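Shown below, as structure tokens, is a lone chain in the form deposited in one PDB entry; questions about how it binds or moves come after it.
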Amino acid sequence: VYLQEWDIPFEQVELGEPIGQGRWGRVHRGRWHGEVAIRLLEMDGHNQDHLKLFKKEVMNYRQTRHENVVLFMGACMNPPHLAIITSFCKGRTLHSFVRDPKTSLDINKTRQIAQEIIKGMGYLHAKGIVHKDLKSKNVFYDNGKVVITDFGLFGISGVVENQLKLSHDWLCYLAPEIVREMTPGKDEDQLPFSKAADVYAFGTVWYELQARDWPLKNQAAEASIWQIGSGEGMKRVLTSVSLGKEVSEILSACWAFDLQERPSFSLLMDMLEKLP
């Protein structure tokens, strides 16, 4: 991809100030005239198998467009250097949005935001793309509109010892299937992400919509790994402080220990409807 292979007309794109680092390159603000987010990646892997998967996935994302999914625009690869360009999201991350004092969530607003997220995930799933990284920090809320970012991105194999370092916010969104497989020397690309793991991550963001915090208070990651992958921690949170029966029913469904008992996103739309 030389960026002219995309349906977005491109003359020139300029880097602006950076706006956060992470495991997958550095994300800058930029100007396409429109604002954009530009993620800079570098491919250690070089074995042309990694770039083959990168090319496949970037042209798979071309086929996407939906008002609840961030617009994928371009990707160019001058190996080892690669760049992924999406539309820039004004407004605030849902993560920092539920955690605001001044914010007024309610039994209505929460269902509406949730239905937005479900529509977006349902599209992505229909076209066979798995998010693999749904969380509150990868959803943006600007006035009425809700947009999912940073999807599909965990499938790639760029630069990131035999220990592990796992942020707590991330692990709260991880289903038991995954955290059981975590262990030093195993890369993120080998983990069992899936449609069901995505609806589990939706379970955590819904809990965050109810309680405006993590479902597990910050603690040693080994503790979180056991509590998450045993299902115990999720059994105890459902016990500990409850919300409403119909609200909590969707939560118990999404967090279901056996992944196969987790609902589809289409079904979750209906469940969110039959509520106050």
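In this text, rigid core is short for the largest set of C-alphas that superpose within 1.5 Å between two forms. In case it trips you up, residue 1 is the first one in the sequence shown, and so on.
We do not show the form deposited in another entry, though everything after this point is about it.
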item	value
Core-superposed C-alpha of residue 260 shifting 2 Å or more between the shown form and the other one	no
Residue shift check between the shown form and the other one, rigid core fit, residue 244 Cα at least 2 Å	no
Core superposition between the shown form and the other one, C-alpha change of residue 231 at least 2 Å	no
